[PDB]
Amino acid sequence: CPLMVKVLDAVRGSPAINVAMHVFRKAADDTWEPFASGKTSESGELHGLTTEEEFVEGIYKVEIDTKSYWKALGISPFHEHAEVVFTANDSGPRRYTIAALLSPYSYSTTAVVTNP
Amino acid sequence: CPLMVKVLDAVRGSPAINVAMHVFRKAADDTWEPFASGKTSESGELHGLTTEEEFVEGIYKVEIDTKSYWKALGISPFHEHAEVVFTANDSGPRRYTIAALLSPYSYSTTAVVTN
Amino acid sequence: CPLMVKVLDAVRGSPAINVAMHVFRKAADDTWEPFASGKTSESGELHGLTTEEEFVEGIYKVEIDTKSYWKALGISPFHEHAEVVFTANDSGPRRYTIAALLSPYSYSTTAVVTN
Amino acid sequence: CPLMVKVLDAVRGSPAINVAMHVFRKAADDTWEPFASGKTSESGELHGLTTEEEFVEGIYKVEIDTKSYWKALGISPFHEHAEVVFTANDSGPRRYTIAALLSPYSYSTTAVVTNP
């Protein structure tokens, strides 16, 4: 699994479940092409977005729909979404774990990059 | 000053100086329109991006060039940039302070909204 | 002002007002000695904790009463408090700003050390 | 496993490996009694600190030796340690995952609390 995303809720102290996210890859013309999408599980994780063969070198963007998540909980949050834009596999193939911690007016994102 | 951005460096424990950022506003046609830009001062702050008259309700994006910042320091970063996308809403008088804390492989952002 | 503490609320997007905190200094016998204390202002800041003459090198602890803050807001928190333990070191003139960002189940702290 | 700790390094984008930590429990006289300790694995995790029978209600403190971690990497960090002080199992038994993200001048801690 080359790309995994984990989302946590800092208000409830729990995984952020059923959070939608969309992954895009930058094309040669500088436009964002849809690449993959899914929703976090009961553990706040989203696995299986891509495969080693499909996840080629490039610039990727993960847009996490945090606004719909907070709205479902009765909160009007500050951000429209939480994101990560990064270059993947430019110095060889890697496994990427993107972790996001959510609050109504704040978010943090971190990456764990390991050699397969 | 209705919009202020402050950027901190979690590696050096200091303000993040000379960090470039661009602000965009989403137009009725769903496109991002350039709105303002600048670079952080010696205090890690960027003031004067907009005025009360110009800063109307809408969806705004602040793209912070974190990658060039880390490259200038000789540190290999993860993110291409740090985005902050938010709706500006009139609900009494409001001023927005966007604070970003930067690390090579992580960033955090918060908003302080005051009256 | 050699030591300043700023506290922000990530749920309300505002300064964290009337937050109590106690500062301790580790003495030669390994015990924690009370050093200073106060409550954050309407701007979420606590200034005037110490002076340049009093703030010598040593190991200091700032215990922020986050639990009472969340309880006052009717939100069930995780942490009893947020500690910040650090060494103050003379390496040219220095001023310390401790910034804490609070959520019910999480907190972040950073230091901005300037000359 | 009622208590698990995960530590990440925000400078290298990796798990924080071989990080020492000590867990204390507050006694009736308000003093901190040593409870458990260990070091994070190659995955930045520390499992098996306690058992369901031993992990009774109380106030606990996890002190993570972040200073020795940064010093081993050639960095003189700001904090002496990263910590979490919390009341455990006061409203029934729970499983606690403490996550810490480390930078030389900053740290973040979050808890994921789930019902067994």
Side-chain angles (χ1 to χ4, degrees), chain A residues 7 10 21-22 24 32 61-70 75-86 98-111, chain B residues 1-5 7-10 15-16 19-26 32-40 44-50 55-70 77-89 94-103 105-114, chain C residues 8-14 99 101 103 108 110, chain D residues 108:
Chain A
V7 188
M21 70 192 74
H22 297 263
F24 306 85
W32 290 104
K61 175 192 284 177
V62 177
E63 274 183 11
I64 304 169
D65 186 1
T66 62
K67 184 166 199 182
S68 299
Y69 177 77
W70 293 115
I75 288 158
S76 303
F78 182 75
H79 303 94
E80 285 299 301
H81 56 243
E83 86 318 327
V84 161
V85 181
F86 66 102
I98 300 315
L101 176 64
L102 309 184
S103 294
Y105 281 76
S106 181
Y107 70 87
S108 306
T109 191
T110 197
Chain B
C1 200
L3 179 61
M4 294 153 284
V5 184
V7 188
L8 303 176
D9 176 331
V19 178
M21 71 191 73
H22 272 91
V23 186
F24 304 86
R25 185 183 180 270
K26 204 191 261 285
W32 288 106
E33 291 282 14
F35 182 81
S37 57
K39 286 175 166 220
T40 59
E45 297 165 335
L46 178 54
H47 295 266
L49 280 167
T50 191
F55 195 49
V56 293
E57 289 186 310
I59 303 172
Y60 290 84
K61 175 193 282 177
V62 180
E63 275 183 7
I64 305 171
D65 186 2
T66 61
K67 185 167 199 181
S68 298
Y69 178 77
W70 294 113
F78 178 75
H79 305 86
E80 282 301 302
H81 50 71
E83 281 182 1
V84 184
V85 182
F86 68 102
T87 296
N89 177 71
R94 283 171 163 212
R95 296 202 190 274
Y96 295 80
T97 293
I98 301 315
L101 176 64
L102 309 187
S103 291
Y105 279 78
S106 184
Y107 70 86
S108 302
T109 190
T110 193
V112 184
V113 184
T114 54
Chain C
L8 303 176
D9 176 331
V11 171
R12 302 205 284 182
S14 68
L101 176 64
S103 291
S108 302
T110 193
Chain D
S108 306

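Below, read A as the first sequence line, B as the second, and so on, with proteins coming before strands; counting in each chain starts at 1.
A side-chain donor-acceptor contact under 3.5 Å links B/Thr40 to the backbone of B/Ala16. Checked by atom type and distance alone, the side chain of B/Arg95 never pairs as donor or acceptor with a backbone atom of B/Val112 at under 3.5 Å. Using a distance-only test at 3.5 Å, with no hydrogens or angles considered, a donor-acceptor pair links the side chain of A/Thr110 to the main chain of B/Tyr105. Under a 3.5 Å cut-off, the side chain of A/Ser108 and the backbone N or O of A/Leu101 do not form any donor-acceptor pair. Of the possible donor and acceptor atoms, none in the side chain of A/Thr109 sits under 3.5 Å from a partner among the backbone N and O of B/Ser106.
Ring orientation note: the planes of B/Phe35 and B/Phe55 are tilted relative to one another, at an angle of 30° to 60°. Classified by interplanar angle (parallel below 30°, tilted 30° to 60°, perpendicular above 60°), the ring pair B/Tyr96/A/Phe78 is tilted.
Note on B/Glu33 versus B/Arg25: no salt bridge recorded, every NZ/NE/NH1/NH2 to OD/OE distance being 4.0 Å or above.
Atom NZ of residue A/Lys67 and atom CD1 of residue B/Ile59 lie 6.5 Å apart, to the nearest 0.5 angstrom. The line from NE2 of B/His81 to NZ of A/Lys61 is 6.5 Å long, rounded to the nearest 0.5 Å. Atom OG in A/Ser103 sits 6.0 Å away from atom CH2 in A/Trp70 (nearest 0.5 Å). Distance check, rounded to the nearest 0.5 Å: CE of B/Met21 to CD of B/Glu63 gives 11.5 Å. One finds the OH atom of B/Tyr60 at 6.5 Å from the OG1 atom of B/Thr50 (value rounded to the nearest 0.5 Å).
Annotation for A/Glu80 and B/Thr87: closest pair OE2-OG1, 2.6 Å, computed over non-hydrogen atoms. Smallest separation of non-hydrogen atoms from B/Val23 and B/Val62: CG2-CG2, 4.2 Å. Shortest non-hydrogen contact noted between B/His79 and B/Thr66 is O-OG1, 4.0 Å. Considering every non-hydrogen atom in both C/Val11 and C/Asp9, the closest pair reads N-OD1, 2.8 Å. Annotation for B/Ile64 and B/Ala100: closest pair CD1-CB, 4.0 Å, computed over non-hydrogen atoms. Heavy-atom minimum distance, B/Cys1 versus B/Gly48: SG-N, 3.6 Å.
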(message) Set out, in order, the CA-CA distance, both residues' side-chain angles and the distance that settles side chain to side chain donor-acceptor pair (under 3.5 Å) for A/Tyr107 and A/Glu83, then state yes or no.
(response) CA-CA 9 Å; A/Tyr107 70 87; A/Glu83 86 318 327; 2.5 Å; yes
